[PDB]
Structure formats: structure tokens, C-alpha cells
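K.L.:
Handing you this structure, nothing more for now.
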Amino acid sequence: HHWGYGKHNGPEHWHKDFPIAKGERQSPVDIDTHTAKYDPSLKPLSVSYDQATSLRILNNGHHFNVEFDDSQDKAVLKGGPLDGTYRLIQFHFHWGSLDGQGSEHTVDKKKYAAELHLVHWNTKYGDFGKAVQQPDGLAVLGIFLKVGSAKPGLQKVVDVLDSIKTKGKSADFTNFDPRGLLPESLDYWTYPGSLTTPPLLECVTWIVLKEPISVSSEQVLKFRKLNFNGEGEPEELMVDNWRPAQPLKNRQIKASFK
Ligand SMILES: [Hg+2]
Ligand SMILES: [Zn+2]
């Protein structure tokens with residue numbers, strides 16, 4: 001049947017339909033801070049989101065996506081471990097049913113309440129579809145979310161969730177500025193990996209920010225009211241839509257800081 005996060009179609013079953021689930025550069029991974037290699041040659045990250053143009057927000061039955069107009073260099077990522085310019089196409093979240101779980105990557109085994117993924121594709125390849133055929137086709141910016149004070153720049157997303165409660169629904173979502181989701185510091189860890197949901201393609205250069213952002217309990221609660229199911233089907237709350245840590249194998253995690 002279709003993949004998901006339930007006992008019968010969850011992460012442990014994915015390999016039957018996507019053999020790459022057992023590949024050599026799968027994500028997410030646990031970030032062991034004492035084994036990460038400080039690399040002084042790593043350049044600072046360059047996030048240029050001033051001309052970003054959001055279009056829609058959609059519930060796809062797994063998570064919700066905020067999609068951006070990527071027809072021009074409006075919101076791009078460059079610098080850091082990257083060569084070339086990467087265009088923002090969408091961002092989504094992974095969260096848990098409880099505050100002690102929800103993130104995909106863990107730091108020294110610690111799980112955060114959620115994890116934000118800002119997906120970008122290498123412009124050298126023309127479109128997203130071509131990008132996913134290359135080892136360096138994608139760049140994902142990962143931001144941990146912890147429960148504390150409210151993130152003002154997240155409320156606009158929180159407010160629209162009502163209208164896209166079920167699988168397949170979408171709503172126009174223009175003029176959203178993704179800079180309001182960024183932490184103060186841009187220090188990060190980086191390693192080569194993959195998408196964390198099928199097709200689990202190994203085309204991603206992961207950039208995980210060290211500093212997490214805080215969101216209120218009320219903000220995260222609203223994410224948990226979403227539905228995995230389509231309307232007219234038995235209610236199945238969209239929670240725990242995260243994949244467990246995968247073996248690091250022959251990879252090294254590099255830190256941009258000491
Ligand atoms: Hg690839
Ligand atoms: Zn993700």
C-alpha cells in the first residue's frame with residue numbers, strides 16, 4: 001500500500017518499495033558533536049531570501065508544504081559547503097505527538113520537538129526533476145525547533161492550518177517571508193545524505209544549523225491537529241511523521257565552528 005508512518009507502512013517497510021532505503025548515504029543521522037570535524041576552510045552560509053515569493057500551502061497526506069516560485073533566483077542559498085547557487089522550492093516540517101520527539105536528525109542522541117526543512121535545488125541542473133538525478137543536486141537547510149517562547153514569524157503558517165486539515169487540500173499562501181524562521185546564528189554541521197521521505201534519493205548536501213528556534217506549545221499543538229487522511233475518511237492525526245536515524249557508514253560530519 002502507500003508508504004506512511006504507521007506500523008504497517010512505516011519507515012521499517014520502505015525498503016521493499018524503495019531499496020535505496022538501505023543505501024550508503026541515507027538520512028537522517030545522529031550528529032555526534034565530539035566526532036564532528038571542525039573544518040576551518042568551510043565558508044560562511046549565504047541565505048538570500050529577500051525576494052522570496054511564496055504561492056501555496058498544501059497538505060500532501062504526510063506533511064504540509066509551503067511552495068515558492070522558483071522560476072528565478074528569488075530566494076537562494078550559497079556559500080557554506082556549497083558550490084553553485086541553490087534555489088528554494090519548498091519547506092516543510094516533521095514533528096512528534098509529544099514534545100520529546102519530532103526531529104529527524106538528533107544531536108548527541110537528543111531529539112527536538114520538530115525539524116524544519118528548507119529544500120533547494122542546484123540551478124546548474126535547470127529544474128528540480130533534473131537536480132534529483134545528481135549527487136549534488138539538492139541542498140537542505142535543517143532547523144531544530146524547541147518548545148519555549150512563540151516564534152512570531154511562524155504564526156502566519158499556524159493560522160492557515162485550519163483550511164488544509166486533510167490530505168489533498170491547499171490554500172493560497174502569498175507574501176510569506178521565510179527569514180522569520182531563521183535562528184540568530186548560522187553555524188552548522190554538514191554531511192552528504194538523502195531525502196528523508198520516499199523516494200529517499202541520495203542527492204542531498206545537508207546543512208543542519210546548530211542553534212534551534214523556539215516555538216510555543218500552542219504553536220506546535222496546531223501542527224498536531226492536521227490529518228493524514230483525506231476528508232470523509234476516519235480521522236488519523238498527522239503526528240510522528242519523522243524517520244529514525246540511519247547508519248552513518250563511510251561519512252564524516254563537518255562543523256563550521258569550534
Ligand atoms: Hg541523486
Ligand atoms: Zn523533511
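In the C-alpha cells, each chain is lettered A, B, ... as it comes, each chain's residues begin at 1, and ligands are numbered from 1 in order of appearance.
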Please identify every polymer residue within 7 Å of ligand 1, using only C-alpha atoms and all ligand atoms, and present the set as a ChimeraX atom specification.
P.N.:
/A:132-137,201-203
K.L.:
Name the residues in contact with range 2-5 of chain A at a cut-off of 12 Å, using only C-alpha atoms, excluding same-chain residues fewer than 6 positions from it; report them as a PyMOL selection string.
P.N.:
chain A and resi 11-18+60-63+94-96+196-200+228-229+236-244
K.L.:
Could you work out how far CA of residue 41 in chain A lies from CA of residue 140 in chain A, giving the answer in Å with one decimal?
P.N.:
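Going from CA of residue 140 in chain A over to CA of residue 41 in chain A, I get 20.3 Å.
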K.L.:
Mind checking DSSP for range 18-243 of chain A and telling me the strand (DSSP E) residues as a PDB file with C-alpha atoms, in the first residue's frame?
P.N.:
ATOM      1  CA  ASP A  30      22.694  11.317  14.707  1.00  0.00           C
ATOM      2  CA  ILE A  31      25.190  14.141  14.996  1.00  0.00           C
ATOM      3  CA  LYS A  37      35.391  17.559  12.298  1.00  0.00           C
ATOM      4  CA  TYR A  38      35.826  21.296  12.607  1.00  0.00           C
ATOM      5  CA  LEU A  45      26.499  30.364   4.590  1.00  0.00           C
ATOM      6  CA  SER A  46      24.787  32.879   2.346  1.00  0.00           C
ATOM      7  CA  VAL A  47      20.998  32.943   2.644  1.00  0.00           C
ATOM      8  CA  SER A  48      19.389  35.415   0.226  1.00  0.00           C
ATOM      9  CA  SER A  54       5.515  32.004  -1.558  1.00  0.00           C
ATOM     10  CA  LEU A  55       2.493  30.746  -3.535  1.00  0.00           C
ATOM     11  CA  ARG A  56       0.588  27.955  -1.731  1.00  0.00           C
ATOM     12  CA  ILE A  57       0.473  25.742   1.322  1.00  0.00           C
ATOM     13  CA  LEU A  58      -0.616  22.128   0.805  1.00  0.00           C
ATOM     14  CA  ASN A  59      -1.327  19.036   2.907  1.00  0.00           C
ATOM     15  CA  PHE A  64       2.434  20.197   4.799  1.00  0.00           C
ATOM     16  CA  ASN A  65       4.449  22.108   2.192  1.00  0.00           C
ATOM     17  CA  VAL A  66       4.808  25.852   1.638  1.00  0.00           C
ATOM     18  CA  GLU A  67       5.772  26.195  -2.050  1.00  0.00           C
ATOM     19  CA  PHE A  68       7.757  29.036  -3.591  1.00  0.00           C
ATOM     20  CA  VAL A  76      18.712  31.298  -2.926  1.00  0.00           C
ATOM     21  CA  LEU A  77      21.299  29.586  -0.781  1.00  0.00           C
ATOM     22  CA  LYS A  78      25.019  29.583  -1.448  1.00  0.00           C
ATOM     23  CA  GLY A  79      28.331  29.613   0.381  1.00  0.00           C
ATOM     24  CA  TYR A  86      20.622  26.662  -4.930  1.00  0.00           C
ATOM     25  CA  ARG A  87      17.013  27.778  -5.345  1.00  0.00           C
ATOM     26  CA  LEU A  88      14.388  27.486  -2.565  1.00  0.00           C
ATOM     27  CA  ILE A  89      11.478  25.404  -3.843  1.00  0.00           C
ATOM     28  CA  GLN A  90       9.621  24.487  -0.602  1.00  0.00           C
ATOM     29  CA  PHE A  91       9.865  23.993   3.151  1.00  0.00           C
ATOM     30  CA  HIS A  92       8.054  21.563   5.445  1.00  0.00           C
ATOM     31  CA  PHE A  93       8.232  20.197   8.973  1.00  0.00           C
ATOM     32  CA  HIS A  94       8.456  16.877  10.806  1.00  0.00           C
ATOM     33  CA  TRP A  95       7.016  16.864  14.330  1.00  0.00           C
ATOM     34  CA  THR A 106      19.466  14.230  16.583  1.00  0.00           C
ATOM     35  CA  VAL A 107      22.455  15.897  18.309  1.00  0.00           C
ATOM     36  CA  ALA A 114      10.274  19.360  15.398  1.00  0.00           C
ATOM     37  CA  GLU A 115      12.558  19.993  12.468  1.00  0.00           C
ATOM     38  CA  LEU A 116      12.156  22.475   9.612  1.00  0.00           C
ATOM     39  CA  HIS A 117      13.412  21.541   6.155  1.00  0.00           C
ATOM     40  CA  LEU A 118      14.097  24.269   3.576  1.00  0.00           C
ATOM     41  CA  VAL A 119      14.629  22.448   0.272  1.00  0.00           C
ATOM     42  CA  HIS A 120      16.770  23.949  -2.515  1.00  0.00           C
ATOM     43  CA  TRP A 121      17.889  22.561  -5.904  1.00  0.00           C
ATOM     44  CA  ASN A 122      21.157  23.259  -7.775  1.00  0.00           C
ATOM     45  CA  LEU A 138      19.897  19.295  -3.621  1.00  0.00           C
ATOM     46  CA  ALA A 139      20.740  21.290  -0.505  1.00  0.00           C
ATOM     47  CA  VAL A 140      18.517  21.089   2.538  1.00  0.00           C
ATOM     48  CA  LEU A 141      18.758  23.564   5.405  1.00  0.00           C
ATOM     49  CA  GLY A 142      17.705  21.944   8.677  1.00  0.00           C
ATOM     50  CA  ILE A 143      16.495  23.907  11.669  1.00  0.00           C
ATOM     51  CA  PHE A 144      15.562  22.345  15.008  1.00  0.00           C
ATOM     52  CA  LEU A 145      12.549  23.643  16.903  1.00  0.00           C
ATOM     53  CA  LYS A 146      12.353  23.509  20.659  1.00  0.00           C
ATOM     54  CA  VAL A 147       9.311  24.376  22.785  1.00  0.00           C
ATOM     55  CA  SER A 170      -4.275  23.551  -0.436  1.00  0.00           C
ATOM     56  CA  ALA A 171      -4.613  27.290   0.156  1.00  0.00           C
ATOM     57  CA  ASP A 172      -3.037  30.313  -1.476  1.00  0.00           C
ATOM     58  CA  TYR A 188      26.163  24.444  11.051  1.00  0.00           C
ATOM     59  CA  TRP A 189      27.159  20.810  10.578  1.00  0.00           C
ATOM     60  CA  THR A 190      27.209  19.363   7.075  1.00  0.00           C
ATOM     61  CA  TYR A 191      27.407  15.878   5.547  1.00  0.00           C
ATOM     62  CA  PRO A 192      26.260  14.150   2.344  1.00  0.00           C
ATOM     63  CA  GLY A 193      22.850  12.439   2.634  1.00  0.00           C
ATOM     64  CA  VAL A 204      21.386  15.993  -0.684  1.00  0.00           C
ATOM     65  CA  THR A 205      24.047  18.146   0.953  1.00  0.00           C
ATOM     66  CA  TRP A 206      22.641  18.589   4.415  1.00  0.00           C
ATOM     67  CA  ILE A 207      23.237  21.799   6.335  1.00  0.00           C
ATOM     68  CA  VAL A 208      21.996  21.458   9.888  1.00  0.00           C
ATOM     69  CA  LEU A 209      22.030  24.649  11.975  1.00  0.00           C
ATOM     70  CA  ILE A 213      14.479  28.209  17.162  1.00  0.00           C
ATOM     71  CA  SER A 214      11.827  28.266  19.920  1.00  0.00           C
ATOM     72  CA  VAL A 215       8.091  27.939  19.234  1.00  0.00           C
TER      73      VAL A 215
END
K.L.:
Can you list every residue in range 110-213 of chain A that DSSP puts in alpha helix (DSSP H), as a list in words?
P.N.:
residues 128, 129, 130, 131, 155, 156, 157, 158, 159 and 160 of chain A
K.L.:
Between CA of residue 184 in chain A and CA of residue 123 in chain A, what is the distance, to one decimal in Å?
P.N.:
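Computing the Euclidean distance for CA of residue 184 in chain A and CA of residue 123 in chain A yields 26.9 Å.
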K.L.:
Let me make sure I understand: among A:1, A:255, A:221, A:249, which one has the smallest atom-to-atom distance to residue 97 in chain A if we use only C-alpha atoms?
P.N.:
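Of A:1, A:255, A:221, A:249, the one nearest residue 97 in chain A, counting only C-alpha atoms, is A:221.
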K.L.:
Using only C-alpha atoms and all ligand atoms, find the one residue out of A:187, A:177, A:104, A:127 that sits nearest to ligand 2.
P.N.:
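Among the listed residues, the smallest separation from ligand 2 belongs to A:104.
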